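> Got a structure for you, questions after.
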Amino acid sequence: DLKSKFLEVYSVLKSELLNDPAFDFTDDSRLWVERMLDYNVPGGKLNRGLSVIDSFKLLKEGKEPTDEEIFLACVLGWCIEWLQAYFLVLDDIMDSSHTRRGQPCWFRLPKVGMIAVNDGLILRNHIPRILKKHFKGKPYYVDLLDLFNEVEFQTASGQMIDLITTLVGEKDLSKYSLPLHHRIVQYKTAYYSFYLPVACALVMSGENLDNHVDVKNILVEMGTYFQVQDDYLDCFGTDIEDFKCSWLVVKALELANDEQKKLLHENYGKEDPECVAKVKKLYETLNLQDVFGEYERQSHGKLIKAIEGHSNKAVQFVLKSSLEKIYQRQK
Amino acid sequence: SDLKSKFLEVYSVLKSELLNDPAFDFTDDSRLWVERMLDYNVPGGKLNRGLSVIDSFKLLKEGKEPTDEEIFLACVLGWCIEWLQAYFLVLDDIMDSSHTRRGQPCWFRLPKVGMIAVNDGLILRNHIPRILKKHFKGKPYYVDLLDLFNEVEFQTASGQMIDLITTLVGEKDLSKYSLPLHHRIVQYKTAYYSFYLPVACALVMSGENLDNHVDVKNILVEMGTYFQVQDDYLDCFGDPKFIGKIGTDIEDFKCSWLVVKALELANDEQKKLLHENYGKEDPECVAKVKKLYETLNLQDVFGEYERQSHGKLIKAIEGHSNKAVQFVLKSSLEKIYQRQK
């Protein structure tokens with residue numbers, strides 16, 4: 001129903017981009033861009049993109065959204081998926097990764113290499129082209145541009161602190177802390193994964209985003225909790241191997257004794273299954289599955305009370321639906 | 001100079017504002033990181049594109065003295081152009097596996113940076129909206145600024161794409177290289193951001209609608225194409241002391257204007273000579289290619305191209321109905337006509 005229409009809208013947007021009047025395409029560059037698009041953009045699960053349409057429908061009370069609206073919401077969802085693909089291509093380059101969704105990373109294919117860097121740029125610059133094409137006549141056009149620019153800035157800044165914390169500070173693991181993890185996760189994932197889709201739906205609904213700081217705070221907290229879920233599922237996956245500032249290692253560094261904190265310092269993300277076995281058993285000995293369960297339900301309580309504090313029924317429906325889609329997930 | 005010093009003072013102001021940005025939770029580490037990256041990559045060049053914004057705005061302000069506030073806003077737009085260029089240059093140095101820029105190691109070459117520089121490029125680009133929002137959000141031409149910068153960035157990235165896939169992908173047949181492909185690469189990769197964008201910023205500040213200045217855009221794009229032809233010529237026949245570096249376009253198998261004109265002017269033996277020497281590093285082949293350029297008299301062909309381009313541009317410029325616009329375009333032309341650096 002909606003998902004099929006979303007993929008159809010992908011085909012529409014790709015056609016428009018490959019007939020863009022701002023660039024003089026030839027067969028070579030048109031085929032290059034179309035292969036790059038098909039390899040990097042539509043292959044994911046597209047949850048963030050479709051949540052735009054979901055949120056827009058719930059904010060239109062319990063009524064029917066029209067046809068234009070459905071198309072527009074799909075276009076904004078695809079803008080979010082384009083943003084994510086743009087970040088992922090460059091992240092795979094920076095992480096020297098090999099595989100994504102079971103296929104080689106874009107930059108790993110022999111005819112691309114570091115060209116993929118520029119491809120990342122292309123992906124990002126497709127978002128204005130799309131927006132201009134479908135929202136230039138709308139009165140909230142500039143709000144869209146400001147929203148996407150600010151969320152992109154925040155995601156890049158979160159990636160920066162993740163990079164510097166890890167690669168520039170794996171001397172002392174003491175560095176990893178609970179506020180540092182919270183900040184990294186809030187800026188790198190929460191704004192674009194949870195705030196941005198609902199903010200798109202709100203802007204389309206005619207709302208001023210400056211009157212919805214409550215919604216933004218709640219969604220940022222919910223995204224932090226989502227990424228904690230991700231950190232937990234990576235181990236219970238190469239976070240330990242990659243010396244990442246995971247929630248699990250941070251909680252372990254706060255709950256262990258001097259001997260177990262010595263164990264962590266002397267076996268964290270330093271190659272070999274050996275080293276990765278010791279970390280997992282330290283996690284078991286501290287019973288980090290019960291700490292994560294307690295954190296999980298406690299966060300759930302926080303979020304539901306905060307959500308029921310809001311004065312708009314549709315907003316409550318949106319936030320409650322977002323929460324239950326991830327509550328006690330295994331994937 | 002007076003205005004260059006004021007321009008660098010405006011850089012300091014913009015950097016302070018960016019390091020106190022309310023949209024991000026800075027700590028000592030990331031604030032020092034962003035400041036070390038900004039100072040290393042943004043203010044160290046010649047800032048010609050940035051300062052041309054102020055020059056163009058003052059030329060368009062026929063008759064009525066610009067305020068200090070207007071000069072500051074023009075400086076801000078010039079710095080946005082320099083930020084865009086810095087972002088592109090950081091990523092280009094990564095893609096080209098370069099080693100040094102302006103006599104110092106490339107940002108990604110420093111041991112504590114490496115591939116972090118990729119994300120640093122992103123940071124640089126996303127500084128441009130932060131700056132614009134900070135200083136122009138209340139202006140009625142704010143959205144025109146955003147559209148201008150987004151579209152020029154799209155066109156620059158696309159020009160880089162066709163340059164990369166022309167040079168790197170496929171086999172390395174030198175036949176593909178042609179004059180239309182060179183024109184397309186050069187127009188989209190350099191001309192829009194180096195020549196159109198500064199003047200367009202000055203025009204937007206003047207209250208103009210850019211949709212009524214397509215002629216200006218055409219003239220500036222053609223002028224930027226001519227500028228990059230000059231750069232291609234000087235990369236081989238220029239002076240390394242005056243330019244700053246030694247040109248390696250022949251080694252790097254670039255779709256230069258010189259090799260294209262050589263392939264259109266040579267005979268079968270000289271085109272085979274070109275096929276068997278262009279694009280390898282060792283100076284024997286480079287010297288054969290350069291002396292072929294000499295025997296083909298590519299210097300005099302370039303001189304004739306330059307004076308034909310000058311005549312064309314002068315005629316097109318004097319076709320325009322606004323004298324201030326004509327002054328802007330002629331000032332842009334005479335700064336580069338017969339330049340040596």
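Every chain in the structure tokens has a letter given in the order shown (A, B, ...), and although residue numbers restart at 1 in each chain, ligands are simply numbered from 1 in the order shown.
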Give me, as a PyMOL selection string, the residues of stretch 203-328 of chain B that a backbone DSSP run labels helix (DSSP H, G or I).
chain B and resi 203-205+210-212+214-237+240-243+257-265+268-275+283-295+298-318+323-328
> Within 12 Å of stretch 281-285 of chain A, counting only C-alpha atoms, which residues show up once you throw out same-chain ones fewer than 5 positions away? Write them as a ChimeraX atom specification, please.
/A:232,235-236,240,247-257,259-265,267-268,274-276,290-292
> Which residue, B:247, B:224, B:303, B:129, has the smallest gap to residue A:149 when you use only C-alpha atoms?
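Looking at the shortest contact to residue A:149, the residue is B:129.
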> Quick one: residues within 12 Å of stretch 127-132 of chain A, only C-alpha atoms counted, chain neighbours fewer than 6 positions away excluded, as an MDAnalysis selection string?
(chainID A and resid 9:10 12:23 72:86 120:121 138 140:149 152 200) or (chainID B and resid 143:144 146:155)
> What are the closest atom pairs, with distances in Å to one decimal, for all residues of chain B lying within 9 Å of chain A? Consider only C-alpha atoms, order rows by chain and residue number, and present the result as a tab-separated table.

residue	atom	partner	partner_atom	distance
B:23	CA	A:154	CA	7.1
B:24	CA	A:154	CA	6.5
B:25	CA	A:183	CA	7.7
B:29	CA	A:164	CA	8.2
B:30	CA	A:161	CA	6.4
B:33	CA	A:164	CA	8.4
B:91	CA	A:117	CA	7.4
B:92	CA	A:118	CA	8.4
B:94	CA	A:114	CA	8.0
B:95	CA	A:114	CA	5.5
B:96	CA	A:114	CA	8.4
B:112	CA	A:168	CA	6.8
B:113	CA	A:168	CA	8.4
B:114	CA	A:94	CA	9.0
B:115	CA	A:94	CA	5.5
B:116	CA	A:163	CA	6.8
B:117	CA	A:94	CA	9.0
B:118	CA	A:94	CA	7.1
B:119	CA	A:160	CA	6.5
B:120	CA	A:160	CA	7.4
B:122	CA	A:156	CA	6.5
B:123	CA	A:156	CA	6.2
B:125	CA	A:153	CA	8.7
B:126	CA	A:153	CA	5.3
B:127	CA	A:153	CA	7.6
B:129	CA	A:149	CA	6.7
B:130	CA	A:150	CA	7.8
B:133	CA	A:146	CA	8.2
B:142	CA	A:142	CA	8.8
B:143	CA	A:142	CA	6.4
B:146	CA	A:145	CA	8.1
B:147	CA	A:128	CA	8.0
B:150	CA	A:128	CA	6.7
B:151	CA	A:22	CA	7.5
B:153	CA	A:125	CA	7.2
B:154	CA	A:125	CA	5.3
B:155	CA	A:23	CA	6.4
B:157	CA	A:122	CA	6.2
B:158	CA	A:122	CA	6.9
B:159	CA	A:23	CA	8.7
B:160	CA	A:118	CA	7.3
B:161	CA	A:118	CA	6.5
B:162	CA	A:29	CA	6.3
B:164	CA	A:115	CA	6.8
B:165	CA	A:29	CA	7.9
B:166	CA	A:28	CA	8.8
B:168	CA	A:111	CA	8.4
B:169	CA	A:111	CA	6.1
B:170	CA	A:111	CA	8.0
B:184	CA	A:24	CA	7.6
B:188	CA	A:23	CA	7.8
> Those same residues, written as a compact mmCIF listing (two decimals), in the first residue's frame with N, CA and C atoms?

# COMPACT_ATOMS: atom_id res chain seq x y z
N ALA B 23 23.73 24.95 18.45
CA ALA B 23 23.17 23.70 17.94
C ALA B 23 24.02 22.49 18.27
N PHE B 24 25.18 22.68 18.91
CA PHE B 24 26.07 21.59 19.25
C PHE B 24 26.62 21.80 20.66
N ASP B 25 26.86 20.70 21.36
CA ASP B 25 27.37 20.73 22.73
C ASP B 25 28.89 20.56 22.67
N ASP B 29 37.76 19.34 23.91
CA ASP B 29 38.39 18.53 22.87
C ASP B 29 37.89 18.91 21.47
N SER B 30 36.57 18.89 21.28
CA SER B 30 36.00 19.13 19.96
C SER B 30 36.10 20.61 19.58
N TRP B 33 39.59 20.88 18.42
CA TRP B 33 39.67 20.20 17.13
C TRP B 33 39.13 21.08 16.01
N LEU B 91 38.67 17.48 0.61
CA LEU B 91 38.25 16.19 0.06
C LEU B 91 39.02 15.85 -1.22
N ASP B 92 39.33 16.85 -2.05
CA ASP B 92 40.11 16.60 -3.26
C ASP B 92 41.50 16.08 -2.93
N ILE B 94 42.29 14.38 -0.35
CA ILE B 94 42.13 12.98 0.04
C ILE B 94 42.00 12.10 -1.20
N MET B 95 41.17 12.53 -2.16
CA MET B 95 40.91 11.70 -3.34
C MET B 95 42.13 11.56 -4.24
N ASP B 96 42.97 12.59 -4.32
CA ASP B 96 44.14 12.59 -5.18
C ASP B 96 45.38 11.98 -4.52
N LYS B 112 47.77 12.67 13.28
CA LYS B 112 46.62 12.59 14.16
C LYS B 112 45.30 12.83 13.44
N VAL B 113 45.33 13.04 12.12
CA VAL B 113 44.10 13.30 11.38
C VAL B 113 43.74 12.09 10.54
N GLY B 114 44.49 11.85 9.47
CA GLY B 114 44.16 10.74 8.58
C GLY B 114 42.76 10.89 8.01
N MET B 115 42.05 9.76 7.93
CA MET B 115 40.73 9.74 7.31
C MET B 115 39.69 10.53 8.11
N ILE B 116 40.00 10.94 9.34
CA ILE B 116 39.15 11.89 10.05
C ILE B 116 38.87 13.10 9.16
N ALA B 117 39.84 13.46 8.32
CA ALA B 117 39.69 14.63 7.46
C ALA B 117 38.43 14.54 6.60
N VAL B 118 38.01 13.33 6.23
CA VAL B 118 36.76 13.18 5.48
C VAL B 118 35.63 13.87 6.22
N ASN B 119 35.41 13.48 7.48
CA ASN B 119 34.37 14.12 8.27
C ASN B 119 34.64 15.60 8.45
N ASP B 120 35.92 15.98 8.56
CA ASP B 120 36.24 17.40 8.67
C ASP B 120 35.71 18.17 7.46
N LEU B 122 33.06 17.47 5.79
CA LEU B 122 31.64 17.64 6.08
C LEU B 122 31.43 18.81 7.03
N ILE B 123 32.21 18.87 8.11
CA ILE B 123 32.07 19.96 9.07
C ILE B 123 32.19 21.30 8.35
N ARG B 125 31.65 22.11 5.25
CA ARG B 125 30.48 22.44 4.43
C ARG B 125 29.33 22.88 5.31
N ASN B 126 29.12 22.18 6.43
CA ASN B 126 27.96 22.51 7.24
C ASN B 126 28.16 23.77 8.05
N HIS B 127 29.37 24.35 8.01
CA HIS B 127 29.55 25.67 8.60
C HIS B 127 28.88 26.74 7.77
N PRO B 129 25.79 26.90 6.14
CA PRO B 129 24.46 27.28 6.64
C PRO B 129 24.49 27.97 8.00
N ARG B 130 25.29 27.46 8.95
CA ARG B 130 25.40 28.10 10.26
C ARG B 130 25.75 29.57 10.12
N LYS B 133 22.61 31.39 8.25
CA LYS B 133 21.52 31.56 9.21
C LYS B 133 21.87 32.64 10.24
N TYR B 142 17.26 35.69 2.00
CA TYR B 142 17.91 34.56 2.67
C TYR B 142 17.78 33.28 1.85
N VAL B 143 16.57 32.98 1.38
CA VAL B 143 16.35 31.74 0.65
C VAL B 143 17.07 31.78 -0.69
N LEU B 146 20.52 30.62 0.10
CA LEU B 146 20.59 29.17 0.29
C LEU B 146 20.52 28.44 -1.04
N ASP B 147 19.60 28.85 -1.92
CA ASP B 147 19.48 28.20 -3.22
C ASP B 147 20.73 28.40 -4.06
N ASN B 150 23.57 26.16 -2.55
CA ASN B 150 23.28 24.75 -2.79
C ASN B 150 23.49 24.38 -4.26
N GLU B 151 23.02 25.23 -5.18
CA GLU B 151 23.11 24.87 -6.59
C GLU B 151 24.55 24.94 -7.09
N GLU B 153 27.15 24.41 -5.24
CA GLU B 153 27.81 23.23 -4.68
C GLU B 153 27.49 21.97 -5.47
N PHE B 154 26.21 21.79 -5.83
CA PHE B 154 25.81 20.67 -6.68
C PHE B 154 26.60 20.67 -7.99
N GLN B 155 26.70 21.83 -8.64
CA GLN B 155 27.39 21.90 -9.92
C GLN B 155 28.88 21.63 -9.77
N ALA B 157 30.37 19.76 -7.37
CA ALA B 157 30.53 18.33 -7.12
C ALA B 157 30.32 17.52 -8.39
N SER B 158 29.36 17.92 -9.23
CA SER B 158 29.13 17.20 -10.48
C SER B 158 30.31 17.37 -11.45
N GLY B 159 30.88 18.57 -11.51
CA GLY B 159 32.07 18.77 -12.33
C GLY B 159 33.22 17.91 -11.85
N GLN B 160 33.40 17.82 -10.53
CA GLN B 160 34.41 16.92 -9.98
C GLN B 160 34.12 15.47 -10.36
N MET B 161 32.85 15.08 -10.36
CA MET B 161 32.49 13.71 -10.73
C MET B 161 32.90 13.40 -12.16
N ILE B 162 32.57 14.29 -13.10
CA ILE B 162 32.91 13.97 -14.49
C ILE B 162 34.42 14.05 -14.69
N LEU B 164 36.62 13.07 -12.46
CA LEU B 164 37.13 11.82 -11.90
C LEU B 164 36.86 10.64 -12.83
N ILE B 165 35.63 10.52 -13.33
CA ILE B 165 35.30 9.37 -14.17
C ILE B 165 35.89 9.51 -15.57
N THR B 166 36.17 10.73 -16.03
CA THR B 166 36.93 10.90 -17.26
C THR B 166 38.36 10.43 -17.06
N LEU B 168 39.85 8.69 -14.28
CA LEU B 168 40.21 7.43 -13.65
C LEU B 168 39.55 6.17 -14.23
N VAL B 169 38.24 6.20 -14.55
CA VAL B 169 37.54 4.97 -14.93
C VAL B 169 37.62 4.74 -16.44
N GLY B 170 37.37 3.49 -16.85
CA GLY B 170 37.67 3.03 -18.19
C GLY B 170 39.08 2.47 -18.26
N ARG B 184 33.12 21.12 -20.55
CA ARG B 184 32.10 20.75 -19.58
C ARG B 184 32.70 20.57 -18.19
N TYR B 188 31.76 23.22 -15.02
CA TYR B 188 31.04 22.84 -13.81
C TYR B 188 31.95 22.73 -12.59
> Skip stretch 218-229 of chain A itself and residues of its chain fewer than 2 positions away, then list as number ranges by chain all residues within 8 Å of it, counting only C-alpha atoms.
A: 182, 185-186, 189-191, 193-195, 214-216, 231-233, 247, 296, 299, 303, 306-307, 319, 323, 326, 329
> Pick out the closest residue to residue B:201 from this set: B:179, B:54, B:285, B:301. Count only C-alpha atoms.
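Comparing B:179, B:54, B:285, B:301 against residue B:201, the winner is B:54.
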> Could you give me, as a PyMOL selection string, the residues within 10 Å of residue B:76, counting only C-alpha atoms and dropping anything in the same chain fewer than 5 positions from it?
chain B and resi 7+10-11+13-14+50+53-54+70-71+81-82+128+131-132+135-136
> Those residues you just picked out, can you put them in a file as a PDB file, in the first residue's frame with C-alpha atoms?

ATOM      1  CA  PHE B   7      38.453  40.340   5.894  1.00  0.00           C
ATOM      2  CA  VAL B  10      35.824  38.975  10.001  1.00  0.00           C
ATOM      3  CA  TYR B  11      37.245  35.454   9.803  1.00  0.00           C
ATOM      4  CA  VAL B  13      34.576  36.839  14.316  1.00  0.00           C
ATOM      5  CA  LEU B  14      32.998  34.004  12.302  1.00  0.00           C
ATOM      6  CA  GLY B  50      36.218  35.970  -1.057  1.00  0.00           C
ATOM      7  CA  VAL B  53      32.529  39.731  -3.217  1.00  0.00           C
ATOM      8  CA  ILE B  54      33.371  43.006  -1.481  1.00  0.00           C
ATOM      9  CA  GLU B  70      27.087  46.093   4.489  1.00  0.00           C
ATOM     10  CA  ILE B  71      30.873  45.699   4.176  1.00  0.00           C
ATOM     11  CA  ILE B  81      32.865  31.052  -0.576  1.00  0.00           C
ATOM     12  CA  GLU B  82      36.264  30.390   1.008  1.00  0.00           C
ATOM     13  CA  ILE B 128      28.143  27.533   5.589  1.00  0.00           C
ATOM     14  CA  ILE B 131      27.088  31.263   9.022  1.00  0.00           C
ATOM     15  CA  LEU B 132      24.260  32.170   6.643  1.00  0.00           C
ATOM     16  CA  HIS B 135      23.811  36.700   9.529  1.00  0.00           C
ATOM     17  CA  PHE B 136      21.076  36.609   6.857  1.00  0.00           C
TER      18      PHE B 136
END
> Would you mind listing what lies within 12 Å of residue B:5 as a list in words, with only C-alpha atoms counted and same-chain residues fewer than 6 positions away left out?
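Returned residues: residues 11, 12, 43, 47, 51 and 75 of chain B.
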> Kindly indicate which residue among B:336, B:246, B:316, B:74 lies nearest to residue B:228, using only C-alpha atoms for the distances.
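Using only C-alpha atoms, residue B:228 sits closest to B:336.
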> Mind pulling up the distance from atom CA of residue B:106 to atom CA of residue B:280?
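Between these atoms lies a distance of 23.5 Å.
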> Got a sec: who's within 9 Å of residue B:249, counting only C-alpha atoms, leaving out chain neighbours fewer than 3 positions off, as a VMD selection string?
chain B and resid 232 235 to 236 252 to 256 279
